[PDB]
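Undergrad: Protein chains in written order, with the working numbering: chain A, 2 to 298; chain B, 3 to 43; chain C, 170 to 416; chain D, 649 to 785; chain E, 2 to 149.
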RNA sequence: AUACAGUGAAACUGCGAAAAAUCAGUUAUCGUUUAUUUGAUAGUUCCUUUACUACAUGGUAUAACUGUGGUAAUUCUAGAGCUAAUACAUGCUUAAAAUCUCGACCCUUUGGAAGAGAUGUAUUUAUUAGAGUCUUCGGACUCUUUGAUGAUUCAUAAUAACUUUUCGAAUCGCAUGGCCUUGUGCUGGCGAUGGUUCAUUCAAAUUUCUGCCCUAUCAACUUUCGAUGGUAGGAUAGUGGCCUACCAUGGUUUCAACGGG
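#1: Identify the contact partners of residue 41 (chain B) in chain C, using a Cβ-Cβ distance below 9 Å as the criterion.
#2: Within the region 183-215 of chain C, note down every full alpha helix (DSSP H) run reaching 4 residues or more, in order along the chain.
#3: Using a Cβ-Cβ distance cut-off of 9 Å, determine whether residue 37 (chain B) contacts chain C.
#4: Kindly provide the ranges of any alpha helix (DSSP H) runs that are 4 or more residues long and lie completely inside the region 258-282 of chain C, ordered along the chain.
#5: Measuring alpha carbon to alpha carbon, tell me which of D:712, D:669, D:668 and D:749 ends up nearest residue 728 (chain D).
#6: In or out: residue 716 (chain D) buried (at least 16 other Cβ within 10 Å) or exposed?
#7: Just to make sure I have the definition right: I need the residues of chain C whose C-beta is within less than 9 Å of the C-beta of residue 25 (chain B). Which are they?
#8: For residue 109 (chain A), which residues in the same chain have their Cβ closer than 8 Å to its Cβ, ignoring the five residues on either side in sequence?
#9: How close, in whole Å, do the beta carbons of residue 334 (chain C) and residue 388 (chain C) come, if the pair is a contact with beta carbons under 8 Å?
#10: Where does residue 76 (chain E) sit, in a helix, a strand or coil, going by DSSP?
#11: Within the same chain, show all residues whose beta-carbon is closer than 7 Å to that of residue 349 (chain C), passing over the 5 residues directly before and after it, in chain order.
#12: Where do the N-terminal and C-terminal ends of the beta strand (DSSP E) with residue 765 (chain D) fall, by residue?
#13: Taking Cβ to Cβ, would you say residue 40 (chain A) is nearer than 9 Å to residue 10 (chain A)?
#14: Please classify residue 107 (chain A) as buried or exposed, where buried requires at least 16 neighbouring CB atoms within 10 angstroms.
#15: Across which residues does DSSP place residue 300 (chain C) in a beta bridge pair?
#16: Nearest by alpha-carbon distance to residue 219 (chain A): which of A:177, A:30 and A:115 is it?
#17: For residue 184 (chain C) and residue 235 (chain C), I'd like the C-alpha separation in whole angstroms.
#18: Any beta carbon of chain D sitting closer than 9 Å to that of residue 93 (chain E)?
#19: Residue range of the alpha helix (DSSP H) that residue 53 (chain A) falls in?
#20: Please compile the residues from chain E whose C-beta is within a distance smaller than 8 Å of the C-beta of residue 655 (chain D).
#21: So residue 29 (chain B) contacts chain C; which residues on that side make the cut at Cβ distance below 8 Å?
#22: Going along chain A in order, which residues have a C-beta closer than 7 Å to the C-beta of residue 55 (chain E)?
#23: Can you tell me whether DSSP reads residue 744 (chain D) as helix, strand or coil?
#24: Going by beta-carbon coordinates alone, are residue 780 (chain D) and residue 752 (chain D) separated by less than 9 Å?
#25: Starting from residue 78 (chain A) and walking both ways along the alpha helix (DSSP H), at which residues does that stretch end?
#26: On a Cα-Cα basis, can you pick out the residue from A:182, A:120 and A:208 that is closest to residue 196 (chain A)?
#27: Quick check on the burial criterion: 16 or more other C-beta atoms within 10 angstroms. Buried or exposed for residue 205 (chain C)?
#28: Once DSSP output is grouped into helix, strand and coil, what is the label at residue 258 (chain A)?
#29: Going by the CB atoms, is the gap between residue 659 (chain D) and residue 699 (chain D) shorter than 9 Å?
#30: Would you report the Cα separation of residue 160 (chain A) and residue 230 (chain A), rounded to the nearest angstrom?
#31: Mapping DSSP to helix, strand and coil, what is residue 132 (chain E)?
#32: Using beta carbons (cut-off 9 Å, strictly below), is residue 45 (chain E) in contact with chain D?
#33: If the criterion is Cβ atoms closer than 9 Å, does the pair residue 47 (chain E) and residue 109 (chain E) meet it?
#34: Note down, one range per segment and in chain order, each beta strand (DSSP E) of at least 3 residues found wholly within the region 23-68 of chain E.
#35: If we ignore side chains and look at the alpha-carbon of each, how far apart do residue 38 (chain E) and residue 18 (chain E) end up?
#36: Considering only their Cβ atoms, is the gap separating residue 217 (chain A) from residue 211 (chain A) smaller than 9 Å?
Have a look at this one:
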C-alpha cells in the first residue's frame, strides 16, 4: 500500500484512479498511507466536489483516527488551496497552519475555512501540556473575537456529535463527544447546540447509570457547564423538554444542579421553575442549603 | 531494539516516580498531623 | 593545586613533598573540615601513602554517615560518623582541648545517628517548610518549633529527625571554632547584640565565664546528660601547669 | 510639589484600584530601616516618590553606621559630609588633625542644615561615588 | 567566569514595530537572554479588572527620555503606546454586561487606548504593557496636553 | 551464543585545559554568577480518540572506513558513497488520568462510600495575601489562622495571560527473581549518566573603611568628547554615568588637591 501510494505520487488514467481513490476516500499502515495519498492528491468535477468537502473535513478537523495532526492540517490546507482576496486569505491561513501573529492578524468561504483551520490546529491540543493551555485560550479568544463564526463552531461541534430518539429520551465515542461538549462549553445555532449538548449529557447519564469514572467526570463537567450556559443565556419549551428527565432522575439525588435550581428561580425564571413544580426538598436538604433557602424564599 | 531489558527499565522508571510520589504524599500527611498536635498543645 | 600552607590543625609532615591536599566541594567549609586522605594517612595511620588510601576508599570499606562516599578529597568535616565496617570502628571526629580533630571509638547504637546545628528554617516550594543544617542536609517537614541556631538529631537510616534540643537559657552546649575551642556548659549569661559578637556564656567545673561568636557555638543537650560522648575527660583545659603540679 | 520630570514618578508593584476608594490614593509602602532606626511620620505621609529612600524606596541599610557633619548642600538631591577625625602617627608625637569627605544620598523627607550632626548608614551603590545613605539626623 | 575590563559597551537592540524577530544572546551564568528586534505584538493587561491579552501594538506616541524614539517608533520600557482595545472591550462587554471608568469609556469608541511598557524587550525577550488607569491616566492625559 | 556480549586500533561523544597605584586586612552582596561535590527534589506531554491511536520506544547526518587525486614538502587537502549515539532534531507516556477534600447515609467505623469540587514547573508582567463558663473532676465547652530577617517589594501561595521555547529520562552495566491470567503476560533489585528548583560547598565578581617615600623658588585641578548629582532609559550575569537624553553647575583642595623622581 505504501509502495503503491509512492508510485501514485510518482505519477486521464491518473484521474480515473483518482476517482476510484475519491470513492475510497469518501468511504475512509493506514495513517502513513493516508498521509502519502494526501500528499499525492494535493499535487474531476463531481468527485472533485465530494473531495472538496472531504478536504474541508480534513482541514476543519482530524477527528476519528487521529487528533489534529499538523502535517495532516498542512496537507489538507494545501489540497483546499489547490482546489479553490483569495490570495490574502490563503497567505493568512497558511501562516495560521504554520499561530500567534496569524491569530492577531485574523482577529465568507474564507471565514468558513478560517474557523475550520483555526479549530483544527487548536482542536483541543491537550489538557495543559505547558502550551496547550495557551493554545486553548488562543482558540477561545479567536472564537470570541471573530455570529457566523460561533454558529459554525457549534455546527462543527454538532457535526462531531438518532437525533429524534436523542431529543425524545458507543461508550468511548460518547466519552470523546462528552469531552468535546465540555470543551465547546468551555468557551466564554443555539437551539441545535443546546439540543446536541442535552442529548450528550442524557446519553452520558444513561451510560453512567448503566471508563465509568471518565463518564462520571465528563457528565459532571457537562452538567456544570450546562447550568452555566443556562445562567449566561436566561424559550421554555425545549428548556422543559431537556430539564424533565434530568430533574426526574435527580429527584431523590437533589436532597451545580442545586445552583441551577436556585438560579432558575429568581419572575420569568419563577414561572419556568413552576412550570415543572421537590422545591421544599431542595430547601430542607449547611451554607449550601442556607443560601438556597434564604434566596428562594 | 526492544530487548527485554529496556521495557524493564521503563517499568522501573515509572514505578520509581510513583513510589517517590507515594512517600512524599505520606510525609505531607504526617507533617499535617504534627501541625495538628502542635495546634492542640 | 595550591598548597603548603594548609590549615595547620591538620598537622601534616612538612618533609612530605611540597603540596597538601585540596578538599573538594562538600558539606563543610575549607579550613574547618578534614578529608579522608589526612585522616587515613597521617592522623591514625592505617594506610601509608595516598594511593593506598585510594585503594581502601575504592574497596568500599569506609562509609561516612551511612553511605560509602568513595572519594579521596571528600571533606567529611565536623560531627559526622565514619563507620569502618571492618575493624568494627565508629570514628566520630570531634574537637579537642587544643584545636585538633580528636577521634572516638563510638558504640554502634550511638553511631546510628548524628546531630548538627541548623542554619535556617525556610519555606522551599509549594509551601513546604524545610530546615537546613551545617552539613548541607536540607531536610523537609520539621517540627515548626525549630528555631535558628538549634540542633536536630538526624536518624541516619532515613534523613528524618528523631529529637531536637530547643536551645534557650541553660542547656548543655559545645563550641567550635575560635580560640576558646572545646568547652562545655552554657549557664552564666546570654548576650544578644544586633549583628553578631554575642554568646551564651559558659560555665564549667572551674566556672570559666567565656564567650565567642554565636556562629562559633552549637548545642548538645541537657546538663550532665549529653547526646555525644567527648574525648579525654570531656575536654576542659584546666591547666597543664596545674596538672603537673597535682599529678 | 511632587512631579518634576518628563516621566511619571513611579513606585512599581504597588498601585491603587480606581473602583475602591481611600484617602491615600495609592497603598503607600514604607519600611523600618533596622538597627533601631525608626521611620518618621513625615516620611510616611509625605507623598514624595524617592525610589532610593531607605524607608520607602528600594534600598535597604546594613552594616556600617558612621557619624558626620554637613559641609555643603550644593548638589541636586545629594549632600556632602565631612569627618575630621583625630589622627596620630608616631613620626609626629602629637595629636594631629586630618579630615575625611564623602558624598551621601539625601531624601526629601528630611530638613538639611549646614553644620548639624548627621548619622549615616551604609547601603548599596547609588551613584558613581555615592555609596552611603542618610537614615537619621 | 566574571572577569573585569576598563571601558567599553555594546550595540543596543532599539527595536521597532513590524516583522517581529527574536535573537537569543549568550549570558554568562544561566538565563540566556533574548533581544527582540522589530517586534510587532505584545502582552497588554488591564490594571483594575486584571485581564491580559496578546495584542497587536499600534505605535508608541510618547517617550519620556528621548523624543526621537517616538519618531523612529522605538519600543523601550515606560512608553505610551496605542494597541487595539478590542479584546479588552470584548471581555468588558462579556463579563460586565454594560455593552459599551468615564475617561476609558471615552477612549473605547475612539478606538485605541494608552498603556505603559514594563518589560525591557531590548534585553528580556518580550514586551508587556499595562493600560494606564487612575492618576497615571490623569498625568498621562496631561502629557497628551504636553504633546499638543 | 544467527543482534551484540570479556579483548581492543581508529574516530564520534562527554569533561578539563581561563608611589592610596599593587596590596595586607576589614564590611556587605536584602547589588550578581553559583559550573563541580553533597542533601532534598516531578504521576499532568494524546482524549473535534470507536471506521482506536508511533511508546514493546519513531527520524536524519555524518566521523573513523572505502575510493579518486593534487602536492615541492606535511599537524595541507577536494570530490563521492556507506554506518552509530547520553551527537543533532523531534516526540507520546494506558484502572486517561490519579490524589485529597464534603463526606449525607449506613454500621458501627481505624470504615465504604453514591456524587457536590480541585490538581505541574519555567519565562515576562499586573495584582492580592505575605499581619467567660459547663464541669462525671478526668477534662471539656471554639478558639482569636501563618516562616525568617535589625530590616523588606524577602521566602512562598493564589489570581489573569503571554510563552518562536524550558524541563517533566526514546540512555547504560550487572543479576535474572516473585506471581499465574504459561503469555515472550504481569511485576522486580543494585547504581552509571542526564535534567527542574532550593540549600551547602568551593571559585569568581564588585563594594566598605585602617594603613606607605621626598616635596608649595610644586596651588589650583577638572566640565573637552558627562566634570559633579537628579530622573527615565539603553545595558549587564550586575548596582553604578558604565553609556544615551533633559534638568542642576558642580566636585577636589592649602590639613598640601595637582604635578614632579
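Ideal Cβ positions, reconstructed from N, Cα and C, are used throughout, including at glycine.
TA: From the atom records:
#1: Within the second chain, numbered from 1, the residue matching residue 41 (chain B) stands at position 39. Simply none; closest approach about 11 Å.
#2: 205-211
#3: In the second chain, counting from the first residue as 1, residue 37 (chain B) sits at position 35. By this cut-off, residue 37 (chain B) is an interface position.
#4: 277-280
#5: Translated into positions along the fourth chain, residue 728 (chain D) becomes position 80. Per the Cα distances, D:749.
#6: The residue given as residue 716 (chain D) occupies position 68 in the fourth chain. Result: buried.
#7: Along the second chain, one-based indexing puts residue 25 (chain B) at 23. Ordered by position in chain C, no residue passes the 9 Å Cβ test against residue 25 (chain B), which lies about 10 Å from the chain.
#8: Along the first chain, read from residue 1 onward, the residue named residue 109 (chain A) stands at position 108. Contacts found: 149.
#9: Taking the third chain and counting its residues from 1, the one referred to as residue 334 (chain C) is at position 165. Taking the third chain and counting its residues from 1, the one referred to as residue 388 (chain C) is at position 219. That pair is a contact at about 5 Å.
#10: What you label residue 76 (chain E) is simply residue 75 of the fifth chain in a count that begins at 1. It is coil, neither helix nor strand.
#11: Position 180 of the third chain, counted from the first residue, corresponds to residue 349 (chain C). Here the set comprises 379 and 381.
#12: Locating residue 765 (chain D) in the fourth chain gives position 117, where the first residue counts as 1. Unbroken beta strand (DSSP E) run through residue 765 (chain D): 765-770.
#13: Walking along the first chain from the start, residue 40 (chain A) turns up at place 39. Walking along the first chain from the start, residue 10 (chain A) turns up at place 9. Yes, they are a contact pair.
#14: Numbered from 1 along the first chain, position 106 holds the residue referred to as residue 107 (chain A). Residue 107 (chain A) comes out buried.
#15: Here the question's residue 300 (chain C) lines up with position 131 in the third chain. As a beta-bridge residue in DSSP terms, residue 300 (chain C) pairs with C:290 and C:308.
#16: Walking along the first chain from the start, residue 219 (chain A) turns up at place 218. Ranking the options by Cα distance to residue 219 (chain A), first place goes to A:177.
#17: Counting from 1 along the third chain, the entry for residue 184 (chain C) is found at position 15. Counting from 1 along the third chain, the entry for residue 235 (chain C) is found at position 66. Their Cα atoms are separated by approximately 35 Å.
#18: As a working note, residue 93 (chain E) is residue 92 in the fifth chain. False, the Cβ-Cβ gap to chain D never drops below 9 Å.
#19: For the purposes of this step, residue 53 (chain A) is identified with residue 52 of the first chain, where counting begins at 1. Element bounds for residue 53 (chain A): 47-61.
#20: Translated into positions along the fourth chain, residue 655 (chain D) becomes position 7. Going along chain E in sequence order, the residues near residue 655 (chain D) (Cβ under 8 Å) are 65, 66 and 79.
#21: As a working mapping, residue 29 (chain B) is identified with position 27 in the second chain. What residue 29 (chain B) touches in chain C: 309 and 310.
#22: If you number the fifth chain from 1, residue 55 (chain E) lands on position 54. Result: 101 and 105.
#23: Along the fourth chain, one-based indexing puts residue 744 (chain D) at 96. Three-state DSSP puts residue 744 (chain D) in a strand.
#24: Mapped onto the fourth chain, residue 780 (chain D) falls at position 132. Mapped onto the fourth chain, residue 752 (chain D) falls at position 104. Yes, Cβ-Cβ distance for residue 780 (chain D) and residue 752 (chain D) is below 9 Å.
#25: For this step, residue 78 (chain A) is matched to residue 77 along the first chain. Looking at the DSSP string, the run of the alpha helix (DSSP H) that includes residue 78 (chain A) is 71-84.
#26: Walking along the first chain from the start, residue 196 (chain A) turns up at place 195. The shortest Cα separation from residue 196 (chain A) among A:182, A:120 and A:208 belongs to A:182.
#27: As a working note, residue 205 (chain C) is residue 36 in the third chain. Buried is the call here.
#28: For the purposes of this step, residue 258 (chain A) is taken as residue 257 along the first chain, with counting starting at 1. If DSSP states are grouped into helix, strand and coil, residue 258 (chain A) belongs with coil.
#29: Along the fourth chain, read from residue 1 onward, the residue named residue 699 (chain D) stands at position 51. Along the fourth chain, read from residue 1 onward, the residue named residue 659 (chain D) stands at position 11. Closer than 9 Å, so yes.
#30: The residue labelled residue 160 (chain A) in the question sits at position 159 within the first chain. The residue labelled residue 230 (chain A) in the question sits at position 229 within the first chain. If you take the alpha carbons of residue 160 (chain A) and residue 230 (chain A), they lie about 20 Å apart.
#31: Here residue 132 (chain E) corresponds to residue number 131 of the fifth chain, with the count starting at 1. In the structure shown, residue 132 (chain E) sits in a strand (DSSP, three-state: E or B).
#32: As a working note, residue 45 (chain E) is residue 44 in the fifth chain. It does not; no Cβ of chain D falls within 9 Å.
#33: Numbered from 1 along the fifth chain, position 46 holds the residue referred to as residue 47 (chain E). Numbered from 1 along the fifth chain, position 108 holds the residue referred to as residue 109 (chain E). No, these two residues do not count as a Cβ contact at 9 Å.
#34: 34-38, 42-47, 53-57 and 60-63
#35: By one-based count along the fifth chain, residue 38 (chain E) stands at place 37. By one-based count along the fifth chain, residue 18 (chain E) stands at place 17. The straight-line gap from Cα to Cα measures roughly 8 Å.
#36: Looking up residue 211 (chain A) in the first chain gives position 210. Looking up residue 217 (chain A) in the first chain gives position 216. Their beta carbons are not under 9 Å apart, which means residue 211 (chain A) does not touch residue 217 (chain A) by this criterion.
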